[PDB]
Amino acid sequence: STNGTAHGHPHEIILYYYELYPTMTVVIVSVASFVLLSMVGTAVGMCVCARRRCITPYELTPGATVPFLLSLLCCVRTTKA
Amino acid sequence: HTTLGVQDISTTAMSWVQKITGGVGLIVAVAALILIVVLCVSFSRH
Amino acid sequence: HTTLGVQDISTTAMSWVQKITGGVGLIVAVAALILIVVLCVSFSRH
Amino acid sequence: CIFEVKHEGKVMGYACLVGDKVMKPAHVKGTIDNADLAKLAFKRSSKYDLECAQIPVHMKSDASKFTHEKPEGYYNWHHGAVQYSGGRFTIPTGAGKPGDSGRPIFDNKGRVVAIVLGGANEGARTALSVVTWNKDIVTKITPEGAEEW
Amino acid sequence: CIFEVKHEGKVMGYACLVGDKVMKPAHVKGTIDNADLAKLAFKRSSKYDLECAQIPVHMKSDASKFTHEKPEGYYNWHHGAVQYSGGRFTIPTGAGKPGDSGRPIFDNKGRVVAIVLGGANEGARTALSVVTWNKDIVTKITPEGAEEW
């Protein structure tokens, strides 16, 4: 009893949870969480790197502003007053 | 069937998602390195 | 028939009018933003 | 403009009001011995070994301007006269010790020209490792073998 | 060239005849205490906090020219001498109070160099917030924390 296809997109993906065995979806969820953590860690690193770039030009004196736009969203808003 | 870790998923569709990933973590890693490189250029400039 | 808010109107003809709108409010909004952008350029120039 | 960083009641380095920011070397342990300055939020920058914040409005009149203009010749600093040449600031070895970081190197018109971070001993004279202004942007010159003061 | 804005019989700020326009800060309440000037039609500009109009032909001989040329040094203003440096006009804190807006900052040849709008107190000295001429066009410099006079 079935003439439906597989999945598309995830939907059916969760339907399989009924087949195979017990362990499955929870492990996948954990993997997804790990991926999210990697994504979050990357972003945190990127922000720190963005600071590393705005460093030097963190003292004072004209000089961007300037490259502060084009400028990874701060850069500016930052140059100003 | 035949192997272990429950294989499931999707040609096409499957490729759609796969193609995304490998793709943003590597990007931000490369960008990080490039930012370091530029920083060193500034350090050299001083 | 079948739904609620009394549907009426016109293929072609209908498209003629529809194509106009979405079209001038958005334009003046974009132009407003562009004027602000130029203003900021002048502010930076000073 | 110069304020001292204290750690366990002991002067470790200095802090300086240059431009519109409040500077102090990142490597210096302690907290600026000034209420107004101490409660600020500093932005660290490990590349420059710098750690700046913004000067409160009531002290902004107390800042010191700095300049990219530095022709070969002699400059002024707390312990005497620094010498600039070959793109390098130097001093008689012994005249600069740990705990001198943050101290500005003024010119004869008072413009801060660089800020000492440490020095490399190369015999008779020590090449200073400083934070200096370029065309407009900050920069850091660190002679080979510097000892971070 | 200088005319006073009065409000309920009380001087709030000033109005100035610069170039071929008649200026007065937008924030200043009142109306110029001069028949000819009062009946004019001003064009407000909230970005510049400026509010200009055109000088009647019979007063155009009474305008004051201004200039983009302003080298570091001392300038003249009603309360004394302003100091220009680092792209900032300053004065001894206390020498400028609310009700001084509109007052021009002349140089030694009489050319109006900027027009005071207010000032930010940064201790010993106050950085003025002024309207100044660029290459050709008007501009407004407002130090962080200005108090609009």
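Start at 1 and count along the chain as shown; that gives each residue its number.
Per deposition record, electron microscopy, 6.8 Å.
A Cβ is built for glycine as well, from the same backbone N, Cα and C atoms used for every other residue.
In the three-state DSSP scheme, A:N3 (N-linked glycosylation site) falls into the coil class. Taken from Swiss-Prot, the feature N-linked glycosylation site covers A:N3, and the record attributes it to sequence analysis.
According to Swiss-Prot, the feature transmembrane segment maps to A:26-46, an assignment based on sequence analysis.
The feature topological domain 'Cytoplasmic' is assigned by Swiss-Prot to A:47-81.
Taking H, G and I as helix, E and B as strand and the rest as coil, DSSP gives the region 'Interaction with the capsid protein' (A:49-53) the counts 5 helix, 0 strand, 0 coil. The region 'Interaction with the capsid protein' annotation in Swiss-Prot covers A:49-53.
Residues or ranges marked as S-palmitoyl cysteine by Swiss-Prot on the basis of similarity to another entry: A:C54 (among others). Summarising the environment of A:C54 (S-palmitoyl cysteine), the number of other Cβ atoms within 10 Å of its Cβ, over all protein chains shown, is 21.
Per Swiss-Prot, the feature region 'Transient transmembrane before p62-6K protein processing' maps to A:54-74. DSSP assignment over the region 'Transient transmembrane before p62-6K protein processing' (A:54-74) gives 4 helix, 0 strand, 17 coil.
Residues annotated as disulfide bond in Swiss-Prot, with experimental evidence given as evidence: A:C54-A:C75. Under the three-state DSSP scheme, A:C75 (disulfide bond) falls in the coil class. Just so you know, the Cβ of A:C75 (disulfide bond) picks up 19 other Cβ atoms within 10 Å once every protein chain is counted.
Cβ environment of A:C74 (S-palmitoyl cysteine): A:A50, A:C54, A:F68 lie under 8 Å away, each six or more residues apart in the same chain. Per Swiss-Prot, the feature S-palmitoyl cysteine maps to A:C74 (among others); the stated evidence is similarity to another entry.
Marked as S-palmitoyl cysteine by Swiss-Prot on the basis of similarity to another entry: A:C75 (among others).
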Is it possible to get the count of other C-beta atoms within 10 angstroms of the C-beta of A:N3 (N-linked glycosylation site)? 4
If one takes Cβ-Cβ under 8 Å and requires six or more residues beyond its ends, the residues near the transmembrane segment (A:26-46) are none
Any idea what the Cα distance is from A:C75 (disulfide bond) over to A:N3 (N-linked glycosylation site), rounded to a whole Å? 57
